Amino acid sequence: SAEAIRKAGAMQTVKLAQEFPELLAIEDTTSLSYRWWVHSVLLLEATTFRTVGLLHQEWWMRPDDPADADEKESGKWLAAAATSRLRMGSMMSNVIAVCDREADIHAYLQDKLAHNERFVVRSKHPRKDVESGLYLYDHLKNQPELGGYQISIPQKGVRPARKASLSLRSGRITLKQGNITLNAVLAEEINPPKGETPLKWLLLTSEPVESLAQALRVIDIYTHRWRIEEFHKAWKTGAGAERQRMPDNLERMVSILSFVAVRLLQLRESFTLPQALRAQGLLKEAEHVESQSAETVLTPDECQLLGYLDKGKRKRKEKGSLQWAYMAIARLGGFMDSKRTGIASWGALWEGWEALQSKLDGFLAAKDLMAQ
């Protein structure tokens, strides 16, 4: 069952991805534990940055020998990549693998390279320029400032986001590893808020970087790396609620939830996304993101039913909207909305969600008999 499911799900994610000219494949590996690992390949839309669907989940337990995880892990990725392309196919070309590599950078790249896959990878540590004999940060820091830029870096805790000023620098770079030369992007916070550790990124990518415009697209894309964590979060919640409230179905159901933490991710997005957009001037987008139907995330049954269920409720929420829907589902989950945010939590969502799910059993039950 488990894997076969995935394939199915995946399939869905792929078919959905064709309807778009360019997309980003965000990926990370995580520690999901009970009271083993999961590398996930999440895909967004490269224009509205709206989540499209989860492309793949690499599951594996803890590398038995102590320090043998870093190897067991470092190949799970490959496996995935390997299986992403397999799934995606030729769309692959429309995909910019976004991520962070703490290790085996080399690999990833050679791997990405042989296949001529697009990407952006932020290099977590210090590597070396084999043609400058100079450190990345170094070589790169010696380049002439390409120009300034301000992005919106997230902030966690409770929480709005913090706008950060950036000083970019572009460059080509050859790693030691296998004499792999490629373009780097160096971004340093300018006047970082008080006490806040100054931002500083060193991205390597397939993508152009000659001009400030070119380097932004990179800095930007990257900036959209954090999305996967959310997925992760929305998941571990709707999960650690079912494993906080409930066999053989343990590694199974999660695989489900994964595809269920998506729709929620896409229900919250219906609202947040738009907001984000504006803040960056992009109106058309937001305008399209927010202007989504429900049919996008929902199901007629889930649509009709969630309709009756949530009757004397919408205000700003356009009728038949994803936005609406999200909201309904929030309420059903208990969206009081004190602080006036319109930003329901994962719990409420999962609630109203699972809830929207029960009543369904009803409706569906009737409907069936209603015939037979």
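All residue numbers refer to positions in the sequence shown, first residue = 1.
Coordinates are given for every residue of the deposited sequence from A114 through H115, so that no gap is recorded there. In this entry, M246 is separated from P247 by 1 to 3 residues of the deposited sequence that have no coordinates. Judged by mean Cα B factor in the deposited record, 333-341 ranks above the other of 25-33 and 333-341. Once the C-alpha B-factors are averaged per stretch, 10-18 and 346-354 rank with 10-18 first. In the PDB entry, the Cα temperature factor peaks, among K284, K233, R162, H125, at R162. Per the deposited record, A67 carries the highest C-alpha B-factor of all listed residues (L309, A325, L43, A67). Residue-level temperature factors show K156 in the highest third of its chain, judged at the C-alpha atom. Split the chain's modelled residues into thirds by C-alpha temperature factor. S74 is in the highest one.
In the deposited entry, the Cα temperature factor of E189 sits in the middle third of values across the chain's modelled residues. When all modelled residues of the chain are sorted by CA temperature factor, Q143 is found within the lowest third. When the modelled residues of the chain are ordered by C-alpha B-factor, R227 sits in the lowest third.
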